[PDB]
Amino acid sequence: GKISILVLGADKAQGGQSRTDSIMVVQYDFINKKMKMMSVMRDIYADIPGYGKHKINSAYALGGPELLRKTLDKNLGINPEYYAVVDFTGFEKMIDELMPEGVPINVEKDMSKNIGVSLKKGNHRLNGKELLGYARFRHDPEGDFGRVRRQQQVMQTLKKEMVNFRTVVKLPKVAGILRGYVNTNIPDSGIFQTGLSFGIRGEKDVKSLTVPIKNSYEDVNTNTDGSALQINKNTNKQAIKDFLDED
């Protein structure tokens, strides 16, 4: 009695090949009315069926959401039903259409390196370009680990700012905006049902999990992939199973 979605932030390399640099899984439980989200770090060193051990986000470049799903299932027991892929322009335009007033974000610190915008610490309303910049920043010692934290902060803010009667009343519009800028195989009745159930009768606390979990991984230098995360898959499989079954 649940729905699960593989949510991908994607972009183009200079050579034009597509890449995913943010991997999340969202599950909504229709019975218990509980929503959960997990971030899967893109640098996890994973067995990609057919291709050997590589950074897990290479599965998407090779075989799209289907191969990334199979790779998540084999390596982490994560097997989402649906997918939703968004690129830079889609993300920016989606935010600006959903929230023209801007998204209220407690910006962790001043940041501007490599994100094409200049953000100031503290509570600010960010447009699509700025919120994307906030989700992309990584040029500090925390690297991808701090980016995952800030991406989860963005998702929690979008949650708090969009689940309300003013938006659930506007679910048809919201859904049309999403399908125009998000590449997804969810049936549109499913966007409606999830929004209706969660927006009216869902628990407001959305619990989150970051994979790999603390003290289960190290950074290793790889032959052709470079900097990657070598993780204890079995320890992470058990944490994921524990996280997803009991609120």
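Sequential numbering from 1, following the sequence displayed.
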Taking the mean of the C-alpha B-factors per stretch from the entry, tell me the winner out of 43-51 and 191-199. 191-199
With respect to the recorded C-alpha B factors, which stretch has the higher mean value, 121-129 or 146-154? 121-129
Taking the Cα B-factors listed in the entry, which of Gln17, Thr224, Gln230, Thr20 comes out highest? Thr224
Please pick out which of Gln27, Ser58, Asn215, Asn32 has the largest Cα B-factor as recorded in the entry. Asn32
Could you place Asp87 in the lowest, middle or highest third of its chain by Cα temperature factor, using the values in the record? lowest
Looking at the temperature factor on the CA atom of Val220, which third of the chain's modelled residues does it land in? highest
Lowest, middle or highest third of the chain for the C-alpha temperature factor of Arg166? highest
By the recorded C-alpha temperature factor, relative to the other modelled residues in its chain, which third is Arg179 in? highest
How does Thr71 rank on Cα B-factor within its chain, lowest, middle or highest third? lowest
